[PDB]
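Asks: Here's a structure for you.
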Amino acid sequence: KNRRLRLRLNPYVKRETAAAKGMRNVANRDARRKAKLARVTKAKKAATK
Amino acid sequence: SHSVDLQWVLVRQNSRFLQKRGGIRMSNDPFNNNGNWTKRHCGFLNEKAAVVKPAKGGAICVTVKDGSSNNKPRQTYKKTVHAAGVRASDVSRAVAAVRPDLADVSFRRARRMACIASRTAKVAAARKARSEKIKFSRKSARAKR
Amino acid sequence: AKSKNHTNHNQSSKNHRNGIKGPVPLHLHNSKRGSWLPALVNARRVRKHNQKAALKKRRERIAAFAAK
Amino acid sequence: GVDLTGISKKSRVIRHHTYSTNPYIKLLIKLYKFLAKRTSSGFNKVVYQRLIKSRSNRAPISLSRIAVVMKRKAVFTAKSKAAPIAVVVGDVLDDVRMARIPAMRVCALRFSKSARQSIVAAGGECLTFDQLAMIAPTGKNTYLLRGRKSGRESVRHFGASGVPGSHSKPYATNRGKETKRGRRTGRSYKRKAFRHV
Amino acid sequence: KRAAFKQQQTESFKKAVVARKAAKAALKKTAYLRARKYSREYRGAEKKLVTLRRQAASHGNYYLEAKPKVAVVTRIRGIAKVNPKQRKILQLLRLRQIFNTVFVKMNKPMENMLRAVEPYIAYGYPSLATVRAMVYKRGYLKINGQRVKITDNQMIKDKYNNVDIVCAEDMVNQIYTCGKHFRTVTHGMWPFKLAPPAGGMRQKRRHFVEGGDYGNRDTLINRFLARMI
Amino acid sequence: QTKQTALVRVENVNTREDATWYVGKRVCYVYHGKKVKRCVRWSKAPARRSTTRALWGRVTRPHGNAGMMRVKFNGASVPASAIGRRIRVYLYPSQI
Amino acid sequence: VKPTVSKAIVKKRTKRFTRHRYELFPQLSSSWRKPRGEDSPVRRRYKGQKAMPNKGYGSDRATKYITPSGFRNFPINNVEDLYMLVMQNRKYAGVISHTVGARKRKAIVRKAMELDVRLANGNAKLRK
Amino acid sequence: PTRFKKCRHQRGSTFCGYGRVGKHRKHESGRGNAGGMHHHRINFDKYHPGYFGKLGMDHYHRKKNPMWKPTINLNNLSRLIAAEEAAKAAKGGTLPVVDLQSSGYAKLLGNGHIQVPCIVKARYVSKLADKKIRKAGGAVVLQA
RNA sequence: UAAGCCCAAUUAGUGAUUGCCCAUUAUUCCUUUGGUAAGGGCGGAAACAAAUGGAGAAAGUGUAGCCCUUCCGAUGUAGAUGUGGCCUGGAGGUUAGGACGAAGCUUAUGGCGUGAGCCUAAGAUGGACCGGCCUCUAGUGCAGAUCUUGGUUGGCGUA
RNA sequence: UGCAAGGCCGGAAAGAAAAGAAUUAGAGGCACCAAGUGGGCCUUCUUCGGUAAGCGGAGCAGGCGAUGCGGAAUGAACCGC
RNA sequence: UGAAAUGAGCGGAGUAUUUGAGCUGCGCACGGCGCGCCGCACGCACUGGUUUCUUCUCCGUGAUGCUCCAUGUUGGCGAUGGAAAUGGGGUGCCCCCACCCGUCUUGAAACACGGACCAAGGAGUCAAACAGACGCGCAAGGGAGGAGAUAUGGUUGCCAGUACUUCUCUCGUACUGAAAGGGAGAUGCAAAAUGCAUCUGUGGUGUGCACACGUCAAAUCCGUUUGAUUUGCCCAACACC
Ligand SMILES: [K+]
Ligand SMILES: [K+]
Ligand SMILES: [K+]
Ligand SMILES: [K+]
Ligand SMILES: [K+]
Ligand SMILES: [K+]
Ligand SMILES: [K+]
Ligand SMILES: [K+]
Ligand SMILES: [K+]
Ligand SMILES: [K+]
Ligand SMILES: [K+]
Ligand SMILES: [Mg+2]
Ligand SMILES: [Mg+2]
Ligand SMILES: [Mg+2]
Ligand SMILES: [Mg+2]
Ligand SMILES: [Mg+2]
Ligand SMILES: [Mg+2]
Ligand SMILES: [Mg+2]
Ligand SMILES: [Mg+2]
Ligand SMILES: [Mg+2]
Ligand SMILES: [Mg+2]
Ligand SMILES: [Mg+2]
Ligand SMILES: [Mg+2]
Ligand SMILES: [Mg+2]
Ligand SMILES: [Mg+2]
Ligand SMILES: [Mg+2]
Ligand SMILES: [Mg+2]
Ligand SMILES: [Mg+2]
Ligand SMILES: [Mg+2]
Ligand SMILES: [Mg+2]
Ligand SMILES: [Mg+2]
Ligand SMILES: [Mg+2]
Ligand SMILES: [Mg+2]
Ligand SMILES: [Mg+2]
Ligand SMILES: [Mg+2]
Ligand SMILES: [Mg+2]
Ligand SMILES: [Mg+2]
Ligand SMILES: [Mg+2]
Ligand SMILES: [Mg+2]
Ligand code: NA
Ligand code: NA
Ligand code: NA
Ligand code: NA
Ligand code: NA
Ligand code: NA
Ligand code: NA
Ligand code: NA
Ligand code: NA
Ligand code: NA
Ligand code: NA
């Protein structure tokens with residue numbers, strides 16, 4: 001819960017946090033939701049037939 | 001033949017200069033710059049020693065034992081008097097010429113000696129003014145010889 | 001005035017306070033006293049020769065060290 | 001609320017000061033406490049810990065034992081190398097059973113008058129522990145030696161004398177007394193001289 | 001002026017200060033690149049299992065999950081009225097105090113150790129967030145026999161003296177994935193001392209499936225521990 | 001009982017969310033003594049001099065689900081003679 | 001002289017550790033005696049009983065032995081004792097002994113004023 | 001000194017380390033060596049085996065002066081030779097003469113190696129002592 | 001229309017998975033004390049008078065602990081041990097006090113110590129001896145033994 | 001030249017692989033010299049005599065005694081600690 | 001309250017890099033169906049490609065501080081007084097706690113025993129034998145004791161002390177047997193019912209401090225230090241001969 005200790009122990013934590021910010025973006029989340037469902041449905045149908 | 005390391009072991013617990021009063025260990029040692037019962041400050045026991053002492057007026061005297069005449073107690077300690085107005089670092093340099101491990105405490109003591117001299121003059125001047133308005137029944141005077 | 005006859009209650013607790021110490025290793029206290037005498041007498045003659053050879057070997061080592 | 005059963009059994013009896021009243025022992029402990037903590041040598045640590053030990057645990061050594069163990073080292077030692085300094089934290093005593101000993105440098109807490117005479121008369125020299133710290137500040141090329149304790153009369157009386165396999169001496173002022181029952185097969189029984197362990 | 005011995009120390013200490021800053025930057029760069037590789041391995045491993053479950057399900061098959069390799073065990077009972085066999089197992093598990101927590105391997109030798117002391121513990125299968133939260137918030141190392149909180153990767157590098165364990169992410173990876181240094185990493189740590197679960201327990205005297213607390217909760221241990229860490 | 005913390009029930013505060021609004025507010029217990037003693041502004045405002053006295057505290061947290069508060073008084077604990085007596089809960093320090 | 005400033009003095013406990021039931025017997029002094037009775041309510045540590053001294057009540061070593069004035073008391077018996085406290089005058093205050101007479105006390109109070117040495121029991125008129 | 005004893009530590013203890021159950025009573029085992037063959041047999045049997053019984057002949061009016069016979073060994077003979085005389089001694093030459101009875105000894109035993117050759121006057125001698133001292137360049141002279 | 005019994009929840013088919021209250025327990029913070037304790041510093045860095053930054057720094061078991069940092073433990077009957085731990089009468093040393101008041105005695109009389117206790121203050125008490133430190137020593141510490149001796153004492157202005 | 005035994009000289013040593021393939025708040029051993037105890041009692045399970053007993057007698061282990069604290073109004077031993 | 005602010009947080013720069021989501025290249029893994037075609041939710045390698053959107057990133061201050069203490073703002077009170085504070089002491093009162101002490105006892109608040117008050121007094125001592133731990137002296141030797149000598153054949157006393165001596169006595173250095181009586185080194189050569197020779201020497205073996213040549217692993221401020229370890233000698237010990 002402290003910024004100094006998180007960054008001292010994990011120098012890469014500034015990039016995991018930036019990745020989490022973009023995943024919670026409403027525009028990014030909605031766009032990914034449309035793409036994820038369409039690309040899994042397409043691959044499901046392709047395997048079925 | 002008998003060193004300060006051995007002599008300290010012999011006198012650390014009993015000495016005529018050690019004062020344990022109420023749990024505090026002080027020292028009457030005339031050659032103690034501090035009053036603490038430690039090996040460094042026991043100037044009566046060390047081979048070489050130096051202590052800052054007051055002198056007449058604002059003068060400050062440095063009493064130095066250099067270990068040359070330790071077997072001759074009337075020649076063990078030599079007094080050199082610094083005139084009034086002397087810098088405390090000069091007195092601390094005189095002590096550090098023989099005891100470099102006493103330069104910090106000798107500067108602080110040479111300042112106390114000058115501070116006490118000024119306060120004594122102010123306290124004495126305020127006592128003389130008060131006594132001038134008092135009539136005294138007796139006044140003793142030691143006869144001259 | 002009857003009392004308790006016998007109990008083994010706190011006895012395992014007491015025996016485990018300072019542990020149940022394990023046995024001595026096999027290389028220690030391996031005395032052969034009381035064993036089969038004919039094999040014990042023969043082993044003595046071999047050990048006497050080994051002590052003679054041990055003394056001779058150290059004399060050769062001492063002489064070799066002084067040689068170099 | 002921590003389960004720490006038998007954690008006092010883990011702890012051991014370690015003493016960091018000496019019971020000795022000798023002021024000169026306190027100077028050697030003061031000197032070798034400094035050397036033990038300020039040098040990488042393992043000699044100064046063993047010497048410092050033995051200075052703290054009691055008189056009973058600093059058993060004396062004889063001049064003959066030093067001569068014998070130094071000869072075992074003298075062989076298998078290069079001729080270029082010098083002999084080590086024998087170091088005992090204890091007393092060095094003379095042996096009348098060894099007339100001829102080599103020239104040895106021996107350092108000890110105390111030398112007997114005859115042992116000091118015998119070491120010097122053979123061409124050796126009796127050293128002192130502050131002398132050693134000045135020529136061997138780390139204990140390089142020394143022989144740390146200990147005196148014997150198993151021959152002491154206290155050790156030979158420790159233990160019950162009436163259990164099988166025990167050859168402890170009884171605590172008795174009369175040697176003729178306590179010699180009959182439990183000591184002879186004729187007189188009831190005899191304590192067994194051997195037990196398997 | 002300055003004494004000769006004081007001048008040699010100043011030059012010697014100046015090179016130590018420069019070399020201390022250099023090693024701090026080297027370990028920071030090493031810990032950054034290692035944590036970047038670890039996080040990518042975790043994410044791709046999650047995605048690979050998702051696709052496998054989809055491929056199995058689309059053809060009427062089932063996907064068998066790998067049996068968990070690591071368990072997180074906390075002691076949920078006090079130190080009173082414990083039998084000698086249960087007492088020794090909790091001592092060998094380093095659970096000598098209530099709410100003490102350890103990571104163990106879910107192998108056959110340890111699974112039969114946990115079954116004997118079930119009324120005293122509450123174990124389960126930890127997640128990445130649980131392992132990270134315990135190492136980062138509750139992580140202590142055994143340094144010279146002392147309990148020292150992990151505050152920088154230099155302590156981890158010195159404590160283990162292993163190239164595979166130099167940072168706190170190395171510790172997380174070894175614990176989470178049950179690496180070759182699982183015992184090295186976990187033994188070099190002090191047992192985790194957690195707070196009581198905020199919101200309370202259900203019944204410390206009954207099994208979890210009975211309506212209590214003292215059994216295996218599978219992955220439900222993570223929300224139990226989240227209230228404790 | 002632990003006298004270092006007090007329980008205060010305020011009028012029209014009947015939920016735990018109600019009592020969270022008052023956390024950190026100043027709480028005062030007004031009583032009187034027997035003699036007139038020193039007060040704030042004993043010299044600046046001689047009209048304030050009286051046997052009236054006040055003990056001050058602050059709301060620390062709610063207590064239970066029904067709008068109770070825990071109050072910590074400055075330094076000392078509130079006297080037990082204050083039990084069942086009026087307590088003043090002020091609107092400062094203000095968060096609005 | 002002003003004393004050296006320290007941290008706040010806490011004084012874990014102010015009440016004395018008094019003897020059990022000493023108020024009911026004029027024989028018993030108030031001084032602490034450890035109860036070794038088998039059914040002692042104080043020894044068994046019941047809730048409503050009086051406490052026992054132990055290690056945990058010890059005072060903070062930084063502020064231990066310091067008087068309310070901020071000094072430590074050093075008993076002095078004549079004028080020459082005042083010279084040990086010239087350098088440590090901000091740490092120690094002199095306590096003239098009870099038996100030292102009024103004639104000798106006049107010289108001690110006079111000397112300590114010039115040396116700037118605090119006396120714990122000097123005359124209240126001087127030093128203002 | 002009385003101030004160093006346990007009595008000064010046990011002021012206020014009310015039992016002085018003797019218990020509330022067992023107490024410090026007067027003579028709880030008997031007086032002296034009582035019951036060495038019953039009630040105290042284990043202590044006598046394991047710590048002092050041989051205490052009870054009879055063994056050997058009876059020597060009425062033992063006089064210890066007739067049976068005086070101290071012994072010295074071959075390797076200990078240098079204790080009775082002056083340092084300068086021991087330095088001058090050599091096989092085949094002039095040897096210091098040692099009187100045992102004037103030094104407090106009657107028998108020469110002969111364990112170990114003799115350090116300095118000498119002529120020893122002794123009342124008794126072992127066969128090993130007599131043999132070993134002759135091989136070393138010395139001799140034994142019988143005296144009374 | 002339980003404040004009873006069985007079951008089940010946690011603000012309720014709303015949108016997720018901690019209602020609340022009580023420990024000498026857990027976590028953490030402050031302080032003490034002791035370690036089978038873990039480490040650093042200790043060759044005074046340099047400079048610096050008063051009138052107008054300071055002080056200390058001991059090679060150390062134990063003190064008012066040589067100083068600082070760090071970690072862990074702390075209850076206990078019978079019992080063991082340790083304590084530069086407290087107290088009393090005498091002795092060998094040393095250093096002090098007293099007719100401007102010694103011991104003793106009194107206390108809403110404060111201070112210090114975790115404590116045994118020490119010290120100060122006041123006496124509208126006393127009237128002549130006695131304190132600290134190191135060592136030595138012993139008829140050396142009381143709450144109770146139907147304890148010993150002396151005095152007092154409610155019952156009681158009662159039978 | 002085989003077997004047995006005491007050695008000597010070499011070799012190899014995942015220092016113990018992989019198969020769920022241990023863990024440890026794991027310094028092991030060795031002495032010495034001593035104290036209080038040597039009336040116990042209560043419980044979950046096993047258990048003997050007795051109609052039974054707040055009865056007498058045992059086994060493994062915990063507890064009280066020796067210990068309070070928080071809970072079961074109260075309770076040496078229950079529950080939590 | 002900045003008396004060393006190690007900060008994604010302070011200070012300097014720069015407007016970018018990268019890390020996730022989209023979308024995709026080849027190969028390999030993976031999944032239908034069979035001994036190579038289809039698929040691939042988008043796993044692994046190229047730390048692949050694009051930059052559509054989502055993020056800030058890059059440097060920096062040793063202690064030439066061994067230790068402790070000492071540096072804000074705004075009001076109220078306090079301008080030398082039978083005063084303003086803070087702590088302590090006293091007495092009462094509220095709300096909670098709270099069985100009578102000592103003692104035997106498995107269990108005492110006990111309807112178990114001793115307990116009206118106070119003062120003074122009151123209980124592990126002295127001697128001897130032995131042992132073990134610790135202190136001290138000397139050490140194959142240690143030490144008396146009794147007694148004498150003279151400083152002292154002197155001094156009220158200090159001085160019943162101190163100083164000095166012992167061909168003795170005692171406890172050890174040797175032990176065994178009921179006794180008569182015997183009485184312990186190593187090595188070499190050899191096998192004599194007392195064998196010869198030499199004597200600078202652990203009786204041998206296994207395990208074992210330090211030390212000495214090295215050799216590894218880790219950390220170094222590059223001087224080293226801290227762990228392990230081969231060999232030699234192994235001290236003290238332990239175990240087999
Ligand atoms: K007795
Ligand atoms: K401490
Ligand atoms: K003295
Ligand atoms: K005095
Ligand atoms: K009394
Ligand atoms: K009483
Ligand atoms: K009476
Ligand atoms: K029964
Ligand atoms: K102000
Ligand atoms: K009540
Ligand atoms: K009992
Ligand atoms: Mg300087
Ligand atoms: Mg019985
Ligand atoms: Mg022997
Ligand atoms: Mg519950
Ligand atoms: Mg249960
Ligand atoms: Mg007790
Ligand atoms: Mg009682
Ligand atoms: Mg009881
Ligand atoms: Mg008085
Ligand atoms: Mg006892
Ligand atoms: Mg008894
Ligand atoms: Mg017969
Ligand atoms: Mg605790
Ligand atoms: Mg205790
Ligand atoms: Mg006193
Ligand atoms: Mg007396
Ligand atoms: Mg009163
Ligand atoms: Mg008495
Ligand atoms: Mg009575
Ligand atoms: Mg009994
Ligand atoms: Mg209750
Ligand atoms: Mg910035
Ligand atoms: Mg009874
Ligand atoms: Mg009964
Ligand atoms: Mg009772
Ligand atoms: Mg009753
Ligand atoms: Mg009775
Ligand atoms: Mg003997
Ligand atoms: Na107090
Ligand atoms: Na009283
Ligand atoms: Na010390
Ligand atoms: Na602590
Ligand atoms: Na007394
Ligand atoms: Na009593
Ligand atoms: Na009456
Ligand atoms: Na009942
Ligand atoms: Na309990
Ligand atoms: Na009150
Ligand atoms: Na003799």
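Lettering and numbering for the structure tokens are positional, with chains as A, B, ... in the shown order, residues counted from 1 in each chain, and ligands counted from 1 in the shown order.
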Mind listing the residues within 12 Å of ligand 20, only C-alpha atoms (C1' of nucleotides) and all ligand atoms counted, as a list in words?

Replies: residues 97, 98, 99, 100 and 101 of chain G; 98, 101, 102, 103, 104, 105, 106, 120, 121, 122, 123, 125, 126, 127 and 130 of chain I

Asks: Please write out the residues within 8 Å of ligand 42 as a PDB file with C-alpha atoms (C1' of nucleotides), in the first residue's frame, counting only C-alpha atoms (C1' of nucleotides) and all ligand atoms.

Replies:
```pdb
ATOM      1  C1'   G I  60      33.161  -2.400  28.547  1.00  0.00           C
ATOM      2  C1'   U I  61      29.565  -9.484  32.789  1.00  0.00           C
ATOM      3  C1'   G I  62      27.057  -6.725  36.584  1.00  0.00           C
TER       4        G I  62
END
```

Asks: For residue 11 (chain A), find every residue with an atom within 7 Å (counting only C-alpha atoms (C1' of nucleotides)), except residues of its own chain fewer than 4 positions away, and show them as a list in words.

Replies: residues 7 of chain A; 28, 31 and 32 of chain E

Asks: Using only C-alpha atoms (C1' of nucleotides) and all ligand atoms, find each residue with an atom at most 10 Å away from ligand 32 and format the answer as a VMD selection string.

Replies: chain J and resid 70 to 75

Asks: With N, CA and C atoms (P, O5', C5', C4', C3', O3' and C1' of nucleotides) kept, could you save the residues just selected as a PDB file, in the first residue's frame?

Replies:
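Produced file result02.pdb, reproduced below:
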```
ATOM      1  P     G J  70     -11.693 -10.971  32.942  1.00  0.00           P
ATOM      2  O5'   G J  70     -12.419 -11.354  31.562  1.00  0.00           O
ATOM      3  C5'   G J  70     -12.006 -10.699  30.344  1.00  0.00           C
ATOM      4  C4'   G J  70     -12.514 -11.482  29.161  1.00  0.00           C
ATOM      5  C3'   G J  70     -13.872 -12.164  29.312  1.00  0.00           C
ATOM      6  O3'   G J  70     -14.967 -11.279  29.151  1.00  0.00           O
ATOM      7  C1'   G J  70     -12.373 -13.661  28.335  1.00  0.00           C
ATOM      8  P     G J  71     -16.404 -11.645  29.759  1.00  0.00           P
ATOM      9  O5'   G J  71     -16.740 -13.121  29.240  1.00  0.00           O
ATOM     10  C5'   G J  71     -18.057 -13.372  28.716  1.00  0.00           C
ATOM     11  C4'   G J  71     -18.128 -14.752  28.114  1.00  0.00           C
ATOM     12  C3'   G J  71     -19.049 -15.742  28.819  1.00  0.00           C
ATOM     13  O3'   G J  71     -20.424 -15.427  28.668  1.00  0.00           O
ATOM     14  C1'   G J  71     -17.089 -16.827  28.210  1.00  0.00           C
ATOM     15  P     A J  72     -21.363 -15.405  29.965  1.00  0.00           P
ATOM     16  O5'   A J  72     -21.799 -16.941  30.052  1.00  0.00           O
ATOM     17  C5'   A J  72     -22.106 -17.634  28.825  1.00  0.00           C
ATOM     18  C4'   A J  72     -22.306 -19.096  29.118  1.00  0.00           C
ATOM     19  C3'   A J  72     -22.855 -19.451  30.498  1.00  0.00           C
ATOM     20  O3'   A J  72     -24.216 -19.098  30.700  1.00  0.00           O
ATOM     21  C1'   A J  72     -21.133 -20.911  29.975  1.00  0.00           C
ATOM     22  P     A J  73     -24.763 -18.903  32.192  1.00  0.00           P
ATOM     23  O5'   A J  73     -24.872 -17.318  32.390  1.00  0.00           O
ATOM     24  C5'   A J  73     -23.741 -16.608  32.936  1.00  0.00           C
ATOM     25  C4'   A J  73     -24.133 -15.903  34.210  1.00  0.00           C
ATOM     26  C3'   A J  73     -23.396 -16.351  35.470  1.00  0.00           C
ATOM     27  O3'   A J  73     -22.127 -15.728  35.576  1.00  0.00           O
ATOM     28  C1'   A J  73     -25.709 -16.154  35.922  1.00  0.00           C
ATOM     29  P     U J  74     -20.802 -16.624  35.637  1.00  0.00           P
ATOM     30  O5'   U J  74     -20.917 -17.319  37.074  1.00  0.00           O
ATOM     31  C5'   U J  74     -20.871 -16.510  38.270  1.00  0.00           C
ATOM     32  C4'   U J  74     -21.271 -17.377  39.435  1.00  0.00           C
ATOM     33  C3'   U J  74     -20.486 -18.681  39.595  1.00  0.00           C
ATOM     34  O3'   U J  74     -19.269 -18.479  40.298  1.00  0.00           O
ATOM     35  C1'   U J  74     -22.819 -19.077  39.870  1.00  0.00           C
ATOM     36  P     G J  75     -17.849 -18.655  39.574  1.00  0.00           P
ATOM     37  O5'   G J  75     -17.236 -19.993  40.216  1.00  0.00           O
ATOM     38  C5'   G J  75     -17.834 -20.527  41.420  1.00  0.00           C
ATOM     39  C4'   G J  75     -17.863 -22.034  41.354  1.00  0.00           C
ATOM     40  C3'   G J  75     -16.686 -22.708  40.634  1.00  0.00           C
ATOM     41  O3'   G J  75     -16.169 -23.795  41.392  1.00  0.00           O
ATOM     42  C1'   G J  75     -18.708 -23.578  39.865  1.00  0.00           C
TER      43        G J  75
END
```

Asks: What residues in chain I have any atom no more than 9 Å from chain F when counting only C-alpha atoms (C1' of nucleotides), and can you write them as a count of residues only?

Replies: 3

Asks: Skip region 75-79 of chain E itself and residues of its chain fewer than 2 positions away, then list as a list in words all residues within 8 Å of it, counting only C-alpha atoms (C1' of nucleotides).

Replies: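 Once the adjacent positions are removed, what remains is residues 1, 2 and 3 of chain D; 73, 81, 82, 95, 96, 97, 98, 99, 100, 101, 119, 120, 121, 122, 204 and 214 of chain E; 81 of chain J.
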
Asks: Using only C-alpha atoms (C1' of nucleotides), which chain I residues lie at most 10 Å away from chain B, written as a PyMOL selection string?

Replies: chain I and resi 43-44+47-51+54-56+58+63-64+66+84+94-95+112+118-119+132-135

Asks: Can you check which residues of chain G have any atom within 8 Å of chain K? Use only C-alpha atoms (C1' of nucleotides) and format it as number ranges by chain.

Replies: G: 4-6, 26-27, 37, 47-49

Asks: Just the residues within 7 Å of region 29-42 of chain A, please, counting only C-alpha atoms (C1' of nucleotides), with nothing from its chain fewer than 6 positions along; format it as a PDB file with N, CA and C atoms (P, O5', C5', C4', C3', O3' and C1' of nucleotides), in the first residue's frame.

Replies:
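Contents of the output file selection_29.pdb:
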```pdb
ATOM      1  N   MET A  23      -6.908  -1.279 -19.018  1.00  0.00           N
ATOM      2  CA  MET A  23      -7.888  -2.361 -19.036  1.00  0.00           C
ATOM      3  C   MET A  23      -9.208  -1.914 -18.428  1.00  0.00           C
TER       4      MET A  23
ATOM      5  P     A K  21      -2.756  -8.050 -23.266  1.00  0.00           P
ATOM      6  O5'   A K  21      -3.913  -7.158 -23.896  1.00  0.00           O
ATOM      7  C5'   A K  21      -5.030  -6.775 -23.113  1.00  0.00           C
ATOM      8  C4'   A K  21      -5.935  -5.825 -23.850  1.00  0.00           C
ATOM      9  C3'   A K  21      -6.343  -6.251 -25.243  1.00  0.00           C
ATOM     10  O3'   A K  21      -7.366  -7.225 -25.227  1.00  0.00           O
ATOM     11  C1'   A K  21      -5.742  -3.969 -25.258  1.00  0.00           C
ATOM     12  P     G K  22      -7.550  -8.207 -26.477  1.00  0.00           P
ATOM     13  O5'   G K  22      -8.228  -7.280 -27.571  1.00  0.00           O
ATOM     14  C5'   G K  22      -7.773  -7.324 -28.907  1.00  0.00           C
ATOM     15  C4'   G K  22      -8.245  -6.143 -29.710  1.00  0.00           C
ATOM     16  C3'   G K  22      -8.026  -6.286 -31.203  1.00  0.00           C
ATOM     17  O3'   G K  22      -9.048  -7.037 -31.831  1.00  0.00           O
ATOM     18  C1'   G K  22      -7.155  -4.222 -30.504  1.00  0.00           C
ATOM     19  P     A K  41      -7.721 -18.000 -33.014  1.00  0.00           P
ATOM     20  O5'   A K  41      -8.082 -17.420 -31.577  1.00  0.00           O
ATOM     21  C5'   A K  41      -9.281 -16.684 -31.370  1.00  0.00           C
ATOM     22  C4'   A K  41      -9.880 -16.940 -30.010  1.00  0.00           C
ATOM     23  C3'   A K  41      -8.881 -17.172 -28.876  1.00  0.00           C
ATOM     24  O3'   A K  41      -9.342 -16.535 -27.685  1.00  0.00           O
ATOM     25  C1'   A K  41     -10.357 -19.019 -29.038  1.00  0.00           C
TER      26        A K  41
END
```

Asks: Please give the complete set of residues from chain H that DSSP, run on the backbone, assigns to helix (DSSP H, G or I), formatted as a CSV table (one decimal) with C-alpha atoms, in the first residue's frame.

Replies:
```
chain,number,residue,atom,x,y,z
H,2,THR,CA,27.3,-15.3,57.5
H,3,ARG,CA,26.3,-12.7,54.9
H,4,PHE,CA,27.1,-15.2,52.1
H,6,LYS,CA,21.5,-19.1,52.0
H,7,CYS,CA,19.9,-18.0,55.2
H,8,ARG,CA,20.2,-14.4,54.2
H,9,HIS,CA,18.6,-15.1,50.8
H,41,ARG,CA,21.0,-50.5,51.0
H,42,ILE,CA,21.0,-49.0,47.5
H,43,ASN,CA,23.1,-46.1,48.6
H,44,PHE,CA,25.6,-48.4,50.3
H,45,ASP,CA,25.6,-51.0,47.5
H,46,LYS,CA,26.2,-48.7,44.6
H,47,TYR,CA,28.5,-46.1,46.1
H,74,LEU,CA,64.8,-45.2,37.6
H,75,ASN,CA,63.5,-42.2,35.6
H,76,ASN,CA,63.0,-40.3,38.9
H,77,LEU,CA,66.6,-40.6,40.1
H,78,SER,CA,67.7,-37.2,38.9
H,79,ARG,CA,65.7,-35.7,41.7
H,80,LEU,CA,68.4,-37.0,44.1
H,83,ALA,CA,72.4,-30.4,38.8
H,84,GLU,CA,76.2,-30.0,38.3
H,85,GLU,CA,76.9,-33.6,39.1
H,86,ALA,CA,74.2,-34.8,36.7
H,87,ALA,CA,75.8,-32.7,33.9
H,88,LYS,CA,79.2,-34.3,34.5
H,100,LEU,CA,68.5,-43.8,49.0
H,101,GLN,CA,68.0,-44.2,52.7
H,102,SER,CA,69.4,-40.8,53.4
H,103,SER,CA,67.0,-39.4,50.9
H,127,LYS,CA,65.4,-57.2,38.9
H,128,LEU,CA,64.4,-54.8,36.1
H,129,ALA,CA,65.9,-51.9,38.1
H,130,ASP,CA,69.1,-53.8,38.7
H,131,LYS,CA,69.3,-54.9,35.1
H,132,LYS,CA,68.5,-51.6,33.5
H,133,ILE,CA,70.9,-49.5,35.6
H,134,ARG,CA,73.8,-51.8,34.7
H,135,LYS,CA,73.0,-51.6,30.9
```

Asks: Quick one: which residues from chain D are at most 12 Å off chain H, using only C-alpha atoms, as an MDAnalysis selection string?

Replies: chainID D and resid 94:101 114 117:118 121 157:164 166:192

Asks: Quick one: residues within 9 Å of ligand 44, with only C-alpha atoms (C1' of nucleotides) and all ligand atoms, as a list in words?

Replies: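 Listed by chain and ascending number, the contacts are residues 87, 88, 140 and 141 of chain I.
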
Asks: Considering only strand (DSSP E or B) as DSSP defines it on the backbone, what residues of region 17-89 of chain B qualify? List them as a list in words.

Replies: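 Going through region 17-89 of chain B, the strand (DSSP E or B) residues come out as residues 18, 19, 20, 21, 24, 25, 26, 27, 36, 49, 50, 51, 52, 53, 54, 60, 61, 62, 63, 64, 65, 78, 79, 80, 81 and 82 of chain B.
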